[PDB]
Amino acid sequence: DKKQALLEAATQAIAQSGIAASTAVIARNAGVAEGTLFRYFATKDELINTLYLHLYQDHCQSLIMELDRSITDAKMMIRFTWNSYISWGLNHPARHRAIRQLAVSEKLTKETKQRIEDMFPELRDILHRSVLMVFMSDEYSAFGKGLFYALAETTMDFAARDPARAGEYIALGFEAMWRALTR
């Protein structure tokens, strides 16, 4: 649909030009009038919230399928989630570049945040037992996600530039992320 085209154009524009990207640019790049964009997303805020759910789901749905019926401890599940996320961002640079800006956005609604939290219950539960309490507070939750994405971004940058050592940067990134964010 045009909706998927819009979502893709919004991913590219936000990855490239930041979360501030124009609805005009986004509409133009999807090959539609801006008025058409507005029929699908009345507000930039709606677009941020919908795009974030769509991109989060793009990664999360494949991860849920891979992990299903495994028995993991907290750290194992979290390492799988981290390695999966780096793979996804390597495969889909713009998706990662857009999502890490969306996830820390002031414009996310409580409903959206709750949907993201509950999309993968097994992981939510593991994170609740593992994440430093400060980074599950209303005030600092987005900052803890930001730090994850920052470390993930660095990891992807080194893995892409020096693919010979990709797994080493992913493991070292994971280890630093774990220390930085867990109890």
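One-based numbering along the sequence shown.
Relative to one another, 158-166 and 17-25 have unequal mean CA B-factors, and 17-25 is the one with the higher figure. In this crystal structure, the stretch out of 109-117 and 78-86 whose C-alpha atoms carry the higher mean B factor is 109-117.
For the set 40, 56, 149, 143, the PDB entry assigns the largest Cα B-factor to 40.
Residue-level temperature factors show residue 137 in the middle third of its chain, judged at the C-alpha atom. Sort the modelled residues of the chain by CA B factor and residue 180 lands in the lowest third. Annotation for residue 65: CA B-factor lies in the lowest third of the chain's modelled residues. In this PDB entry, residue 49 carries a Cα temperature factor that places it within the lowest third of its chain's modelled residues. When the modelled residues of the chain are ordered by C-alpha B-factor, residue 99 sits in the lowest third.
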